[PDB]
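See structure below.
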Amino acid sequence: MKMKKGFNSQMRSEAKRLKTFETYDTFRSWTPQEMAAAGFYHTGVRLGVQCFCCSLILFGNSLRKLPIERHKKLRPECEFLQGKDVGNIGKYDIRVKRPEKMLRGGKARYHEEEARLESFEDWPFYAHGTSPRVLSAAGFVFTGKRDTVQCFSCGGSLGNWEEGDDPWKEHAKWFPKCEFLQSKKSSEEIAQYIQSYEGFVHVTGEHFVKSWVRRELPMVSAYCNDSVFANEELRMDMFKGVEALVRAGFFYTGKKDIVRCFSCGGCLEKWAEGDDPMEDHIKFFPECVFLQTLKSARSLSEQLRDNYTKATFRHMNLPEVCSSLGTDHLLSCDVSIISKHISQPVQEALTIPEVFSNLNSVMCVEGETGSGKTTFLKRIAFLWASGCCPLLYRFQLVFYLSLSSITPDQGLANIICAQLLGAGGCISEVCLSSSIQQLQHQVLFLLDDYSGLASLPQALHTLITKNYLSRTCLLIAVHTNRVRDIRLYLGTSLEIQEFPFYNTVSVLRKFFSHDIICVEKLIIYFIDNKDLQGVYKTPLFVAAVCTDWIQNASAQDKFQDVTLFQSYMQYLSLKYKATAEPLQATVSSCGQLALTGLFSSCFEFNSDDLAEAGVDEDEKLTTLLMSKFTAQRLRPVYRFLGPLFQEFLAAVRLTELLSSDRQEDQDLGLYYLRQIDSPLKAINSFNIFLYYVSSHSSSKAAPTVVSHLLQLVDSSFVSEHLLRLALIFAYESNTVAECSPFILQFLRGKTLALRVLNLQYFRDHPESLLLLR
Ligand SMILES: Nc1ncnc2c1ncn2[C@@H]1O[C@H](COP(=O)(O)OP(=O)(O)OP(=O)(O)O)[C@@H](O)[C@H]1O
């Protein structure tokens with residue numbers, strides 16, 4: 001209840017307000033990214049988080065209100081930029097201003113040291129944990145603005161000082177060529193000081209991506225609030241007075257009349273009189289968004305190709321996640337990563353804002369098939385091009401290349417010009433080779449859809465196999481347990497663990513205005529908790545539930561589980577329509593396995609049974625959309641997405657078998673239909689197998705199974721007859737109530753007790769209710 005409130009926790013900014021959520025459960029509405037962007041950190045008292053400037057006991061976490069709204073509503077006296085040690089992604093150096101420019105009179109006097117001591121009257125209260133004496137002992141002087149300090153005789157500015165950061169390691173790390181440093185400290189201790197988290201970085205205040213950013217006030221919900229990025233957004237199509245004024249909280253994505261604020265908008269036609277705050281952001285944009293954002297040689301060639309890469313990464317083509325229909329630029333939810341280390345099995349979970357700082361050499365990212373590799377690579381490329389995340393400023397060039405058979409060993413220049421630039425980039429082989437060589441650790445390749453060394457081109461092969469004479473940094477997307485070739489070559493392997501539920505609920509929240517469907521999904525989901533995992537193993541379930549809104553709400557209020565599963569399966573069928581032949585096999589071949597276990601009462605499904613089922617024979621991609629490597633001690637197990645998914649896949653296999661006219665691919669279906677042989681078997685199996693063999697409009701399969709249900713005959717006795725006939729009539733009326741019933745149910749099952757025991761659909765009653773009922 002009561003914990004040490006104290007005061008401003010000066011040791012707590014973002015990128016440290018996010019790392020505190022590794023001890024946070026993955027099932028709740030608000031996200032660590034959004035909560036941390038609100039200046040909150042996870043103490044761990046029971047479940048709650050508190051702010052770093054205005055300590056708040058915020059435990060309850062609702063859905064209709066974002067953390068910014070709660071923080072403003074409860075204690076509104078800490079967000080007037082009165083002073084907060086807010087660090088953004090914050091590459092720790094971006095302050096490069098005045099390398100030799102106008103200081104406040106050169107308070108170091110260009111010689112003196114006690115002058116550096118005395119220049120710190122207005123040293124703010126953000127730091128202070130850092131002693132001004134130790135800062136001044138290394139030739140540092142306070143330039144005057146926002147706790148950034150400049151060192152003379154080399155003119156280097158460092159900011160975002162935190163607790164315990166000794167300004168002697170850092171002065172060595174960021175400027176080895178600082179004359180004062182070589183004058184005082186020997187060339188031996190500096191190598192020891194090099195040991196830090198950034199790989200090979202140097203003085204990189206000059207770089208073609210830079211864009212100075214403000215104090216990153218917490219009213220910045222997420223990216224796209226820098227008022228300079230949003231301006232160059234709409235230099236493409238909204239160019240043929242209105243434009244510059246539209247940047248009162250807007251940016252362009254789409255077809256010249258769909259311009260989006262941080263929530264949504266554009267539902268009005270432009271070029272009329274039309275003041276941009278029209279209808280005050282059209283009806284406040286429901287919930288009065290952010291108080292109107294709070295009241296408003298060949299170096300030339302490589303720079304030119306840098307500009308083209310930035311332009312083609314900011315084009316509307318790349319930033320499109322949740323690629324179903326809509327108008328999307330607002331998603332920033334990240335994927336959790338835990339990086340296994342080369343030698344021993346240590347997990348060591350990372351965070352997205354900190355993983356960028358460790359990019360050193362050839363890197364691989366794991367991940368289940370359809371789990372967010374292409375998205376993550378596109379996000380990092382975009383964030384480089386959308387230059388406001390500072391950590392990515394160290395790369396002068398980034399390249400996204402999908403090695404999906406477009407590369408039969410032809411050449412790197414040809415593959416980079418025809419995939420990224422487009423009709424404009426004539427970057428020659430020699431130009432690209434020289435750019436790679438001189439820009440050693442400032443070129444980041446993002447390779448996707450990996451196959452193997454044999455398929456890479458010559459230059460890419462050299463860059464991936466040596467990484468000694470080139471120093472280029474690469475990130476390759478691969479499949480889990482399918483990266484067995486570059487084990488010896490890579491450092492800092494990475495893996496996409498899972499997709500937590502807060503990301504799913506955040507994406508659901510953003511896409512919807514009628515936010516009663518999402519809450520219904522929340523309640524109707526934590527009551528099962530058996531399919532808690534698996535279903536959210538991939539972001540494709542979010543896309544499936546979103547595209548289920550092509551007809552109505554995703555909470556149709558009628559046995560939600562079967563609709564959810566069918567929506568998922570239909571979305572799988574839709575996405576891979578280009579290569580649907582193996583998927584149709586993967587759903588069938590794997591699906592039959594579930595049927596084999598539907599009645600044998602086993603869900604572990606060890607490896608040797610998979611061969612009998614007839615799936616994974618080629619270790620193919622899609623077979624991981626429906627199973628996971630649950631255990632890896634020995635003889636890895638293969639568990640599906642919960643017993644309910646057992647049921648649904650077994651049902652779809654049974655329907656396909658009893659629907660196919662292949663005679664002896666159907667006798668097996670009848671055999672699997674045979675084991676149900678008693679009313680208790682018509683209950684215990686059909687408690688969970690009821691709406692799954694019936695849901696599908698199995699025209700051919702309906703008569704055989706309804707006949708089998710009828711032929712079982714050869715209070716509790718009467719009761720089971722009543723339930724059995726209820727099942728049979730419901731099943732037969734689900735799809736077609738003409739062919740099978742008029743010749744089948746007229747035989748045996750007709751019973752009722754008082755008035756409404758046979759209140760089903762009304763047709764011609766029997767002669768006299770089976771002559772005995
Ligand atoms: N943060 C996110 N929010 C919502 N959906 C996401 C997010 N990240 C990824 N996705 C979803 O992930 C899907 C793409 O996944 P992914 O790139 O893993 O497929 P893939 O088969 O690995 O493709 P490739 O093999 O080409 O990399 C997209 O349809 C997108 O909807």
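Numbers run from 1 along the shown chain.
Each residue, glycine too, has its Cβ placed from N, Cα and C.
As recorded in Swiss-Prot:
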BINDING   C261, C264, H281, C288  Zn(2+) binding site
BINDING   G370, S371, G372, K373, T374, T375  ATP binding site
DOMAIN    361-656  domain 'NACHT'
REPEAT    14-81  repeat 'BIR 1'
REPEAT    113-181  repeat 'BIR 2'
If the criterion is a C-beta within less than 6 angstroms of any ligand 1 atom, which of the binding-site residues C261, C264, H281, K373, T374 pass it? List them in sequence order. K373, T374
Residues flanking the ATP site, with Cβ no more than 8 Å from the Cβ centroid of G370, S371, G372, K373, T374, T375 and excluding those residues themselves: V335, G367, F376, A477, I496, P539
Using CB atoms and a 10 A radius, I'd like the single residue among the binding-site residues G370, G372 with the highest neighbour count. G372
Compile a sequence-ordered list of residues in the same chain as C261 (Zn(2+) binding site), six or more apart from it, whose Cβ lies below 8 A from its Cβ; state 'none' when nothing qualifies. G249, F250, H281, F285, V289
Zn(2+) site shell beyond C261, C264, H281, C288, criterion: Cβ within 8 Å of Cβ centroid: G249, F262, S263, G265, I282, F284, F285, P286, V289
Which residues does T374 (ATP binding site) neighbour through Cβ under 8 Å, counting only same-chain ones at least six apart? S402, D448, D449, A477
Pick from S371, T375: which of these binding-site residues has the biggest number of other Cβ atoms within 10 Å of its Cβ? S371
The rounded CA-CA distance in Å from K373 (ATP binding site) to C264 (Zn(2+) binding site) is 27
Unmodelled segment of 39 residues: Cα separation of flanking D714 and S715 in Å: 19
What is the number of residues in the repeat 'BIR 1' (14-81) that are helix, strand and coil, as DSSP sees it? 19 helix, 7 strand, 42 coil
Where does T374 (ATP binding site) sit by DSSP, helix, strand or coil? helix
Rank the binding-site residues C264, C288 by how many other Cβ atoms lie within 10 Å of each Cβ and give me the one with the fewest. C288
How big is the Cα-to-Cα gap, in Å, between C264 (Zn(2+) binding site) and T375 (ATP binding site)? 22
Specify the secondary structure state of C261 (Zn(2+) binding site) as given by DSSP, simplified to three classes. coil
Indicate whether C288 (Zn(2+) binding site) is helix, strand or coil by DSSP. coil
Flanking Cα pair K240 / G241, between which 8 residues have no modelled coordinates, distance in Å: 11
